[PDB]
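Letter by letter, the chains look like this.
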Amino acid sequence: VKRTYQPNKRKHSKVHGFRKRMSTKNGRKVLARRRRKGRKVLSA
Amino acid sequence: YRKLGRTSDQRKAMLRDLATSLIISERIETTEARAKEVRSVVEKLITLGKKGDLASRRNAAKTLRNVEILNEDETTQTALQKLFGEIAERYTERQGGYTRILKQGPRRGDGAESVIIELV
Amino acid sequence: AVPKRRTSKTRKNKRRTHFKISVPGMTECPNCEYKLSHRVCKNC
Amino acid sequence: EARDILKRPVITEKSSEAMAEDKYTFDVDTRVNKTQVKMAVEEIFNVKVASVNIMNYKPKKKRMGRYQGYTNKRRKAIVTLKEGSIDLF
RNA sequence: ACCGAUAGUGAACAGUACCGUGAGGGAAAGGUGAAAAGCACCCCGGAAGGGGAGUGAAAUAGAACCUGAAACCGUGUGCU
RNA sequence: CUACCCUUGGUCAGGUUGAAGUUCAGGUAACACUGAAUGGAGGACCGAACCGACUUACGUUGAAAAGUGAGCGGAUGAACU
RNA sequence: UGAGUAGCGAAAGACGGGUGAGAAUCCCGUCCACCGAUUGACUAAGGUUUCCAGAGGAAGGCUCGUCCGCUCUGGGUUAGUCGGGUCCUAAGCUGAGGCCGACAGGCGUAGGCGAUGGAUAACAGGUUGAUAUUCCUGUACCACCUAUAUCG
RNA sequence: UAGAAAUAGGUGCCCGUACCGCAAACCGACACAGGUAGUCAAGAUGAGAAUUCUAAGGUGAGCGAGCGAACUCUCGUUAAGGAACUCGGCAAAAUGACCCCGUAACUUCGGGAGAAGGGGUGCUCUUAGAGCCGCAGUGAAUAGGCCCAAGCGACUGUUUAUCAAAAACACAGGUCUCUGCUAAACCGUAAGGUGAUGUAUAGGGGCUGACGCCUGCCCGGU
Ligand SMILES: [K+]
Ligand SMILES: [K+]
Ligand SMILES: [K+]
Ligand SMILES: [Mg+2]
Ligand SMILES: [Mg+2]
Ligand SMILES: [Mg+2]
Ligand SMILES: [Mg+2]
Ligand SMILES: [Mg+2]
Ligand SMILES: [Mg+2]
Ligand SMILES: [Mg+2]
Ligand SMILES: [Mg+2]
Ligand SMILES: [Mg+2]
Ligand SMILES: [Mg+2]
Ligand SMILES: [Mg+2]
Ligand SMILES: [Mg+2]
Ligand SMILES: [Mg+2]
Ligand SMILES: [Mg+2]
Ligand SMILES: [Mg+2]
Ligand SMILES: [Mg+2]
Ligand SMILES: [Mg+2]
Ligand SMILES: [Mg+2]
Ligand SMILES: [Mg+2]
Ligand SMILES: [Mg+2]
Ligand SMILES: [Mg+2]
Ligand SMILES: [Mg+2]
Ligand SMILES: [Mg+2]
Ligand SMILES: [Mg+2]
Ligand SMILES: [Mg+2]
Ligand SMILES: [Mg+2]
Ligand SMILES: [Mg+2]
Ligand SMILES: [Mg+2]
Ligand SMILES: [Mg+2]
Ligand SMILES: [Mg+2]
Ligand SMILES: [Mg+2]
Ligand SMILES: [Mg+2]
Ligand SMILES: [Mg+2]
Ligand SMILES: [Mg+2]
Ligand SMILES: [Mg+2]
Ligand SMILES: [Mg+2]
Ligand SMILES: [Mg+2]
Ligand SMILES: [Mg+2]
Ligand SMILES: [Mg+2]
Ligand SMILES: [Mg+2]
Ligand SMILES: [Mg+2]
Ligand SMILES: [Mg+2]
Ligand SMILES: [Mg+2]
Ligand SMILES: [Mg+2]
Ligand SMILES: [Mg+2]
Ligand SMILES: [Mg+2]
Ligand SMILES: [Mg+2]
Ligand SMILES: [Mg+2]
Ligand SMILES: [Mg+2]
Ligand SMILES: [Mg+2]
Ligand SMILES: [Mg+2]
Ligand SMILES: [Mg+2]
Ligand SMILES: [Mg+2]
Ligand SMILES: [Mg+2]
Ligand SMILES: [Mg+2]
Ligand SMILES: [Mg+2]
Ligand SMILES: [Mg+2]
Ligand SMILES: [Zn+2]
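Residues numbered from 1 in each chain as written, not as in the entry; some residues may be left out. Chains lettered and ligands numbered in written order. Part of a larger assembly, values for the part shown. Heavy atoms only, no water. Residues with missing side-chain atoms left out of burial classes, pairs and counts.

- Looking at the entry header, you'll see cryo-EM listed as the method and 2.08 Å as the resolution.

And the structure:
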């Protein structure tokens, strides 16, 4: 049966990518939180 | 008679293959139950070959496979030709009992009893 | 459907009383070491 | 910059088979185009270049114990000579 | 008159591995020996692994390496 | 994923039926009207692909956190993708 | 503990020969059998080296294993014309100035981005262990540049 | 419109290109009986991409060997009877393709209808007959069971992904009501939008629900 995750490079980059995060204040808050926690990966 | 863990069509086909392989190679290694079943098939075939007539040859053709055998030097013959040629002549004066089974013991993969069945 | 109580060491070994294998039926090879009775050497 | 464009010759069985057909294989800088590679080859080896074929190789997953990683990404140029010859050895 | 590896940071070797579309969640894992002197050589074995011979104060300190409790798993047998 | 929607693409073996119109032959003062032919309409019919999920059997520490087998509904449309 | 118990995930295999310490399970052969509007062939997405060769058999593989999509070492993807960019726009997204809003921001004009559509020049054959309309051979085409004689 | 050649030789960049790809490599925690868009479309049979067997090409399914107990599951047959079973004919059996006859009540005149119910079918020869063989000739596979009557809903469609597909929702049709346009209604604090690049034969909201015949009395209360 069809499952929830149907991968799509373009969709993934456009919704969760770096530039989409930079595009809003709350996305920049996400990036700041992840930098503060010390994550290796900040976004897609 | 044994079922050999196969359907009737599969069992019939396997017995034909084993009988033809025995006729060709004259000595094969198989499991105990398969050999005990195929001794009857092969010996009835040899009986037909000793009979020798055209009807016997066609009845034998009902059971034998269509395999070719390269003989001493690049000369071919069929398993049916060998059965009605050399094999039948070898057993002209023998009344039954053209095969024997020699037990070898269990084999590694499944513990099955390996045996050799050969033409006498 | 499920064990009501665990099986003690004593009961388990009692049950395993008959869980064993037997010595093979074997005979010395008069000419060709030892072999299974009613079997050919197949290696000698 | 011609000696920065060309990093090293590629010596493999396939590259030797290409050498038999006057085709020379180099690892090149990953930021250069095939026109730059042709000019660099002409400047360094004083030969005439008929054509350049170029390709990119993705980083290769690699490990050393618990340390898994990647090799460097590569750019491979195959240079077909019009005239001249190149004595790498 | 703080902790001493289940403690003390989540983290003594990690915001990693792993999980999630994502925001996010988030581990386990310290100790050979004073010194590598880390077992030449022989034997069984394809190897693994062993028995010797050596090193060492010690090898039941041989790297799954200080100590090595209990559960649990075996071998022998004094009484039954 | 799922619901609705927007833009832009794709897909639907075969068989059946035979609307309106048109032509002819009548019929008429004219027009109705009749018959044949043709014509090819329809959220039309039967039925594969495809889309469903009515019954039943199996499965129920599953092959599977919703499936499989056998039939079953739709199948040019408010279709499916 | 339950227990050497349940299970080992839709099915047709047999034999010969080989290799090996070890073979129902690897290789080769013959016969048999299954799919065939597909269990065949080719594109897309997605994955990202799983591809090829040589070597291996601790772990992984529901058994075995000499084998492997597993391990080690070394390799492999070639384009003016294929698909995309140096072309075009749709939905939608964004948006100089601008309008509105406690802040943060929301909306929107010109403009821009954006294919699932429009435009757009290369074909046949051969060849490798692994690439091929990309490499080679043969024969072409398109755009630009220069040299030897209306554009809008 | 304003406005201001051939020939020869040469040059032509970046990104992707391996491999799997209706799967052992993708989505399903698995080398998971599931899900995954398009394209190519052989022969015999047939209306056909149905059916059965094959071609191209691929594959033998990553546990086996025996035995042939009960019981469970899938499958086949069954004397006499034929729904006596059971909540209920659940399941199974029966029907089934093609060609030719024939076909009721009722009806919105389309239908109902494949109504129902019958007949035929192999092979050989001669030009529709004459023969031949079997228990059986669409000799396999695949291919509607039908009729009478009542309730509900007109109808095709839609629904509780994962115990309910229905009489529930929708529907074409009816009616009431709002709305004169910066419409009403709706989203939004606003700007800006939908309504609509529409304008009362239009747009929103309530109720009813094809069609036929109809839809009575009460305005005291809200
Ligand atoms: K390629
Ligand atoms: K009243
Ligand atoms: K009133
Ligand atoms: Mg048997
Ligand atoms: Mg059969
Ligand atoms: Mg390229
Ligand atoms: Mg401690
Ligand atoms: Mg800690
Ligand atoms: Mg030692
Ligand atoms: Mg030793
Ligand atoms: Mg020793
Ligand atoms: Mg030692
Ligand atoms: Mg000690
Ligand atoms: Mg210790
Ligand atoms: Mg098609
Ligand atoms: Mg219809
Ligand atoms: Mg589909
Ligand atoms: Mg549904
Ligand atoms: Mg089904
Ligand atoms: Mg119907
Ligand atoms: Mg239908
Ligand atoms: Mg146990
Ligand atoms: Mg047992
Ligand atoms: Mg038990
Ligand atoms: Mg049991
Ligand atoms: Mg069992
Ligand atoms: Mg299996
Ligand atoms: Mg078949
Ligand atoms: Mg490989
Ligand atoms: Mg194993
Ligand atoms: Mg590998
Ligand atoms: Mg804007
Ligand atoms: Mg303001
Ligand atoms: Mg496109
Ligand atoms: Mg290839
Ligand atoms: Mg390829
Ligand atoms: Mg694979
Ligand atoms: Mg498998
Ligand atoms: Mg699968
Ligand atoms: Mg699937
Ligand atoms: Mg067709
Ligand atoms: Mg078919
Ligand atoms: Mg009966
Ligand atoms: Mg009867
Ligand atoms: Mg009866
Ligand atoms: Mg009764
Ligand atoms: Mg009763
Ligand atoms: Mg039924
Ligand atoms: Mg039929
Ligand atoms: Mg007849
Ligand atoms: Mg209804
Ligand atoms: Mg319906
Ligand atoms: Mg439900
Ligand atoms: Mg319930
Ligand atoms: Mg239901
Ligand atoms: Mg407007
Ligand atoms: Mg109602
Ligand atoms: Mg009503
Ligand atoms: Mg009333
Ligand atoms: Mg009043
Ligand atoms: Zn012996």
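Here the narrative resumes.
1. Observations regarding the overall build of chain D
Logical step 1: Within chain D, the secondary structure is distributed over three helices and six strands.
Logical step 2: The helix and strand sequence of chain D, counted from the amino end, reads α-β-α-β-α-β-β-β-β.
Logical step 3: Dimensions along the principal axes, computed over C-alpha positions, put chain D at roughly 50 × 30 × 20 Å. (Helix = DSSP H or I, 4+ residues; strand = E, 2+ residues; numbered from the N terminus.)

2. Describing the interface of chain B and chain C
Logical step 1: The partner chain C presents five residues to the six residues of chain B that form the contact.
Logical step 2: Take the side of chain B that touches chain C: its biggest share by element is five residues, from strand β4 (residues 99–106) of chain B.
Logical step 3: When grouped by side-chain class, the residues that make up the side of chain B that touches chain C number two nonpolar, two polar and two charged. (Contact = heavy atoms within 4.5 Å. Nonpolar A, V, L, I, M, F, W, Y, C, P; charged D, E, K, R; others polar.)

3. Observations regarding the packing of aromatic side chains
Logical step 1: Summarising the aromatic geometry, the rings of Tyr91 of chain B and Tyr98 of chain B are spaced 5.3 Å apart at their centres and angled 50° between planes, so their arrangement reads as tilted.
Logical step 2: The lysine or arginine in question, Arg74 of chain D, covers the ring of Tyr57 of chain D, its NZ or CZ lying 4.7 Å from the ring centre. (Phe/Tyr/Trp six-rings, centres within 6.5 Å; stacked < 30°, edge-to-face > 60°. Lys NZ or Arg CZ within 6 Å of the ring centre and 35° of its normal.)

4. Some thoughts on the pairing of β4 of chain B
Logical step 1: Relative to strand β5 (residues 113–119) of chain B, β4 of chain B runs antiparallel, the two being bridged by seven bridges. In the strand pairing of β5 of chain B, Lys103 of chain B is matched with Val115 of chain B. (Pairing = 2+ DSSP bridges.)

5. Some thoughts on the side chain of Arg75 of chain D
Residue and element names in this part refer to chain D.
Logical step 1: Summarising the element assignment, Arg75 is placed in strand β6 (residues 74–83).
Logical step 2: At 2.9 Å, the side chain of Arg75 and the backbone oxygen of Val32 are in polar contact.
Logical step 3: With residues near it in sequence (within four places) discarded, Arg75 still touches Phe26, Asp27, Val28, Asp29, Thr30, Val32, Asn33, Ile54, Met55 and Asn56. (Polar contact = N/O pair within 3.5 Å; in protein donor to acceptor, adjacent residues only side chain to side chain.)

6. Re the pattern of salt bridges
All names here are of chain B.
Logical step 1: Here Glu26 ties to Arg90 by a salt bridge, and the two come within 2.5 Å at their closest N and O atoms. With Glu26 in the loop between α1 (8–25) and β1 (27–31) and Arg90 in helix α4 (residues 79–90), this residue pair connects regions lying 64 residues apart in the sequence.
Logical step 2: Among the charged side chains, a salt-bridge network with shared partners connects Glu26, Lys82 and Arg90. (Salt bridge = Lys/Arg side-chain N within 4 Å of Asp/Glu carboxyl O.)

7. Some details on the arrangement of the chains
Logical step 1: Between chain A and chain C there is no contact; the minimum C-alpha to C-alpha separation amounts to 33 Å.
Logical step 2: Across all C-alpha pairs, the smallest distance from chain C to chain D is 42 Å, and the two are not in contact.

8. Considering the packing of helix α3 (residues 54–63) of chain B against α4 of chain B
Residue and element names in this part refer to chain B.
Logical step 1: Their axes nearest at 10 Å, the elements α3 and α4 cross at an angle of 135°. Here α3 is positioned oblique relative to α4, judged by the angle of their axes. Along this stretch, α3 crosses α4, giving a crossing that reads as right-handed. On the side of α3, the interface is formed by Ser56, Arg57, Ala60 and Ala61, while α4 contributes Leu80, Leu83 and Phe84. (Axes fitted to C-alpha atoms, helices over the stretch in contact; angles between N-to-C directions. Parallel < 35°, antiparallel > 145°, perpendicular 65-115°, else oblique. Left-handed = near helix turned anticlockwise from the far one by under 90°.)

9. Observations regarding unusual backbone geometry
Logical step 1: Of note in this structure, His38 of chain C is not a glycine but carries a positive phi near 65°.
Logical step 2: Structurally, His38 of chain C can be placed in the segment after β2 (34–36).
Logical step 3: Residue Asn46 of chain D is not a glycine yet carries a positive backbone phi of 55°.
Logical step 4: Structurally, the position occupied by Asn46 of chain D is in the loop between α3 (34–45) and β3 (48–57).

10. Regarding the sheet that holds strand β1 (residues 6–9) of chain D
Residue and element names in this part refer to chain D.
Logical step 1: Read across the open sheet, the four strands follow the order β1-β2-β6-β3; overall the sheet is antiparallel. The sheet is open, and its two borders are formed by β1 and β3, each paired with just one other strand. Sheet twist, expressed as the average angle between the axes of neighbouring strands with direction ignored, equals 35°.
Logical step 2: Relative to strand β2 (residues 23–28), β1 runs antiparallel, the two being bridged by three bridges.

11. Let's talk about the pairing of strand β4 (residues 61–64) of chain D
All names here are of chain D.
Logical step 1: Relative to strand β5 (residues 67–70), β4 runs antiparallel, the two being bridged by four bridges. Across the sheet, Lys61 pairs through a bridge with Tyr70, a residue of β5.
Logical step 2: Count of turn residues in the β4/β5 antiparallel hairpin: two residues, of which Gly65 carries a positive phi of about 70°.

12. A look at the sheet that holds β4 of chain B
Backbone-to-backbone hydrogen bonds pair the strands of a sheet. The strands run either parallel or antiparallel.
Residue and element names in this part refer to chain B.
Logical step 1: Overall, antiparallel pairing links the three strands, which are arranged β1-β5-β4 in an open sheet. One side of each edge strand has no neighbouring strand; the edge strands of this open sheet are β1 and β4. Each strand axis lies, on average, 25° off the axis of its neighbour in the sheet, ignoring direction.
Logical step 2: Pairing geometry for β1 and β5, over five bridges, is antiparallel. Its bridge partner being in β5, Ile28 is matched across the sheet by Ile117.
Logical step 3: Sheet strands touched by α1: β1, β4 and β5. Its angle to β1, the strand with the most contacts, is close to 150°.
Logical step 4: Across the sheet, helix α2 (residues 32–51) touches β1, β4 and β5, and the angle it forms with β5 is around 15°.

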